[PDB]
Each structure stands twice: as C-alpha cells, then as structure tokens.
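In the block that follows, a single chain appears as structure tokens, in the form deposited in one PDB entry.
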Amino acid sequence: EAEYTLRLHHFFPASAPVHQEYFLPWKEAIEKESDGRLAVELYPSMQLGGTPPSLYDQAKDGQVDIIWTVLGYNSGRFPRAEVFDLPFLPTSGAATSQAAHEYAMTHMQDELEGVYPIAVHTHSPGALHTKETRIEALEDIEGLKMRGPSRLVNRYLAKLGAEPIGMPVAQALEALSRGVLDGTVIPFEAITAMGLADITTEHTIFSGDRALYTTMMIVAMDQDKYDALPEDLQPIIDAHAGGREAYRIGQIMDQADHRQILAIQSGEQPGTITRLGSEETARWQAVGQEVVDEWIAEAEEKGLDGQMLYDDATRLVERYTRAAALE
C-alpha cells in the first residue's frame, strides 16, 4: 500500500547498463525493504519531458523526486565539481566514483544545497569515437566536430584542435546520424547505451595509468521529498545512498565497458580500437597540462583554492585506485 511514490527521471534508455544493473535493483531494494510503503517509478529517455540539462532542477524544484544527470550540463553552476573534468585525472569508474563522492562530501556542501545525494560519482574512462577518421595521432582530430559533456572537456577538445559542439550525450545519436558531428567522447558502455557501435566504428584509447577524462555525475533526490518521508522510511533511503552506491555505479560501468571493448577486439562487433603508445599519449597529456594550469588560475580568480582542490581530487583517486589493487 504505497504511502509515497518516488518518480526517478533520467536521459538514457531503459536498456542502458546503469538502468538495468543499478536503477532496477535500487527500485527492488527500496520497494521490498519499505514493505511497499515506498513505490519507485523509473522514467528513462526523458519520458516526463524537458531536456537532460534541466534534470538537476527537476529534482531540486520537486517536478520529480530523483534524477540522474551530469553536473557539467549547467556551465559554471558546480565550480568545485569541475576539478573531476581535468585531463588524465581519473582511473576506473569505481575508484574515481569513490574519490568524487568523498570529495563532494568534503568540498561541495554549498554547491549541492537542496538535493540529497544518493550517489555523487563519475563515468568510467572516456575515449574517442568517430565515424570515418581513425585517430592514430593528435593531428588526426584537427577540425573534427566532436562533443564532450561540459565546458572544461570541450575546452580540452578545442585545445587538442577539435571543433567541440556542446550537447548532452542523449542527443549524440541524432547529431552523429544526421551529419552534425564527426564523433563524440564517451566511455565505451555509453556507446552500448546509445546504440552507436555501428555508427562510430573508430575508437581511440591511451597508454598509461590515467584515462583521458571523466565528468562528475549525481543520482540526486529532492531534499524536500527526503525531508517529507516519515522517520521510518528516511533510513531505507539512507541504506541505499552514499559512497558505496557511488563505487557500485562506477563498477557497473567498468564491467559494461569491458563487455563492449572485448566484443570489438574479438570482431563480434564491427569497429577498430586504436591504442596510442606512451610517446604519442604524452603529447595529449602535454595539452592537458595547459587545461589544468588555466583551471587552477581561473579557480584562484573565483576565490577557490585551486591547488588544494586538485591535490585532494588527485590524492583521493590515487588512494581508492591503490585500495582497489590491494584487495
């Protein structure tokens, strides 16, 4: 007998790994452990309307109860979150997600006012995907129309010599199939989610212990709806919220990346994965150093301690990466 119904709204199809492997089990756990007093209704593919960038305010303003979105979809809104967009900062989705949740609980209390964070996380390693151009070197990206999540990933694409076109990943299949874009950055599991394997058939990955980029994402509940739940239902949410949920989402993405990458490397799925060796990779890292330098200067101008935020994000990534490897 449902006492409260929580509407969860996001930008991806129901068939996406995070919907199948996280949102469906989350709904099952919340419905079972509340004895039916909490119903969870899942609305994928922007089914309740508006645009992916509107999602954060859809939860905050109580248009819906829970959202899943990219913080970078609102330029300038989450300045401290932006540090997790910087080039070659992240490792796995799981360890980087755990780093982001800890960072947000330490540094982003004002930035996230008005949502109850079920999970502050990242996506798994970002990679390059094109329709025609095989990227074997930095020069190959010159003038390609490419898309990233956020102003700081788009800045890096422009500094690499691409022509970035800002849009949510939910619109990338439209843009690539209609000739608006040549390619997109995203993790491989996002290729699976958006049905892009037979469209972007050219993929480029990097050498070494860091991924090209990631972006901070959030499963956000309206603080007003959480506060409205009875004192015996708030704790059921709490049992399914926090750093463990961030870790789990990343780990789901890492596993879905492995499935997609293995399928292309084996020829089960058409496509080519090009790997750039250490000397070529170093050239992309050198351009990435200019984005980090510029970001720390801009942070200082905005009254943020840029270096301390970057020292904390990088240390938490290395801490949880080391922890994972030790297990």
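Numbering starts at 1 and runs along the sequence shown. For the two forms, the rigid core is made up of the largest set of C-alpha atoms that agree within 1.5 Å on superposition.
Visitor: Read off the CA B-factors in the entry, average them over 254-262 and over 32-40, and name the higher stretch.
Guide: Comparing 254-262 with 32-40, the higher average CA B-factor belongs to 32-40.
Visitor: Test of understanding: from the entry's C-alpha B-factors, which stretch has the higher mean, 213-221 or 140-148?
Guide: Stretch with the greater average CA B-factor: 140-148.
Visitor: Quick one: which of 286, 66, 299, 70 shows the highest Cα temperature factor in the PDB entry?
Guide: Going by the entry's C-alpha B-factors, 286 comes out highest.
Visitor: Return the residue from 202, 102, 238, 110 that has the highest Cα B-factor in the entry.
Guide: When the deposited C-alpha B-factors of 202, 102, 238, 110 are compared, 110 is largest.
Visitor: Sorting the chain's modelled residues by C-alpha B-factor, tell me whether residue 189 ends up in the lowest, middle or highest third.
Guide: Its C-alpha B-factor belongs to the middle third of this chain's values.
Visitor: Which third, lowest, middle or highest, does the CA B-factor of residue 313 fall in along this chain?
Guide: Lowest third - that is where residue 313 ends up once the chain's C-alpha B-factors are sorted.
Visitor: What third of its chain, lowest, middle or highest, does the C-alpha temperature factor of residue 93 fall into?
Guide: Within its chain, residue 93 is a lowest-third residue by C-alpha B-factor, going by the deposited values.
Visitor: Considering only modelled residues of the same chain, in which third does the CA B-factor of residue 232 rank: lowest, middle or highest?
Guide: Its C-alpha B-factor belongs to the highest third of this chain's values.
Visitor: Ordered by C-alpha B-factor within the chain, which third holds residue 77? Give me lowest, middle or highest, please.
Guide: Answer is highest: the recorded C-alpha B-factor places it there.
The next section is about a form of this same protein that is not shown, the form deposited in another entry.
Visitor: For the list 181, 104, 216, 95, which one shows a CA move of 2 Å or more between this form and the one not shown after the core is fit?
Guide: With the rigid core superposed, the residue that stands out is 181.
Visitor: For residue 152, is the C-alpha shift between this form and the one not shown 2 Å or more after core superposition?
Guide: Shift of 2 Å or more: yes.
Visitor: Does superposing the core leave residue 201 with a CA shift of 2 Å or more between this form and the one not shown?
Guide: Yes, its C-alpha moves 2 Å or more.
Visitor: With both forms fit on the core, has residue 170 moved 2 Å or more by CA between this form and the one not shown?
Guide: Yes.
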